[PDB]
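Shown below, as structure tokens, is a lone chain in the form deposited in one PDB entry; questions about how it binds or moves come after it.
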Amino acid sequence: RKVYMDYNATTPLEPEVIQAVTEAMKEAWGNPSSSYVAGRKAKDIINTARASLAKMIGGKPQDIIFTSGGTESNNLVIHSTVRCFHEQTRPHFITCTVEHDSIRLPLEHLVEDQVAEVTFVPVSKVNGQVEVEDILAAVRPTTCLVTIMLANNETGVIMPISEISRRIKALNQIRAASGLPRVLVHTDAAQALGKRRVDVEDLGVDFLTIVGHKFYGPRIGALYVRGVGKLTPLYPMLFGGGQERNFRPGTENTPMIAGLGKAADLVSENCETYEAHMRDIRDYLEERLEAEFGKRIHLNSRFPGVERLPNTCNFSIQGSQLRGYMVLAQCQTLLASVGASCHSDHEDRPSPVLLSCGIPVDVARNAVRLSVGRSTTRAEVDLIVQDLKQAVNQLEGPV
């Protein structure tokens, strides 16, 4: 046995989800657009999953659009916002400096191409959180969208989405006084789902990104769009056959949708359970890491007075020989990462997100991200703490 502690990179599929995908491949294989029963059958599994996703986040079914994953969902909100601005001088966006590559790069690309302007608001180097005032201060007459991740994938810090939406709703009243349209709010909730409750009315957002493989579901995803086509405009990236009410054309992937729906049902039924278990194992892990390493360890996810994911513990051990990727190379049991899985090609570099959060360069170079899951046990925490002790001995030696 290896001990997996990289659930923020991806999650295995729950057996009920594997079953739903398999059943659908075999039994609901018809084109969902087809007029005969074989078609109507797959369409029913898709409608049921649409309702499952909406229930998971406290929304309505018609507010859910299925996509190929979180990258597409995030690019779609951004693309749609540009088109909306042109159907209403460049559109302006507000986001923060620790967003996932699928929010940061499409925005950097719009800037390079001179299509839009973007303020990448820095996060507080004190609490690793973006500050609401900095967002509000960045609004311009051409600002069209605020996009801020619900939870950070490397630190686990929760951003104040609710407060941002509330304050942006107020500003929107005054903006209308000057005939200016509304600033909308999107949150990338990839890392919050199945780890803490997510409710769109509580968050106040107009768009929200859902990523299946972060909550034991298949590698597809969706986009919540508040009262889509009525309350909130959505302009497509793709053109074709009319599926997803023309917001996302292409023959629907029924099996993946069935599994995302089943995965969503498990989050609706058990989210608090998953949360409590993750918290229990993560706090135990931090207790053990401090007990074994003392003043040599730094807990990079424990920013003062801010909420954080229940399962995440990003940490560093003091020492020149303890660069994160070298510590993990020496471990024999633990499976973890030094940052985003998609950043695995530059692991010898300190995480720019940790740098953005005010973590010193020498501390960031040594960072390892442990993210626990629904099955993780205290016996497993003990095994990887022991593994980390031997790895640190091999590299830094005794101190």
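Don't overthink the numbering: it's just position in the shown sequence, from 1. By rigid core we mean the largest C-alpha set that fits within 1.5 Å across both forms. Shifts are known only where both forms have a C-alpha.
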statement: Residues of the deposited chain absent from the coordinates between residue 88 and residue 89 total 10 or more
message: Please compare 336-344 with 365-373 and name the stretch with the higher mean C-alpha B-factor in the deposited structure.
response: 336-344
message: Tell me which stretch, 346-354 or 51-59, has the higher mean Cα B-factor listed in the entry.
response: 346-354
statement: In this crystal structure's PDB entry, the residue among 175, 219, 248, 186 with the greatest CA B factor is 175
Out of 95, 243, 301, 253, residue topping the C-alpha B-factor column of the entry: 301
message: How does the C-alpha B factor of residue 210 compare with the rest of the chain: lowest, middle or highest third?
response: lowest
Relative C-alpha B-factor of residue 197, binned into the chain's lowest, middle or highest third: highest
task: Please rank the C-alpha B-factors of the chain's modelled residues and tell me whether residue 231 sits in the lowest, middle or highest third.
output: highest
- prompt: Mind checking which third residue 170 falls in for C-alpha B-factor across the chain?
  reply: middle
message: Where does the C-alpha B-factor of residue 31 rank in its chain, lowest, middle or highest third?
response: middle
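Beyond the structure shown, there is the form deposited in another entry, which is absent from this document and is the topic of what follows.
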query: For the set 33, 68, 47, 62, which residue undergoes a C-alpha shift of 2 Å or more between the shown form and the other one, given alignment on the rigid core?
result: 33
query: Does the distance between the two CA positions of residue 305 reach 2 Å or more between the shown form and the other one, the core being superposed?
result: yes
- prompt: With the rigid core superposed, can you list, in sequence order, the 3+ residue stretches whose C-alpha atoms all shift 2 Å or more between the shown form and the other one?
  reply: 33-38, 303-305, 360-362
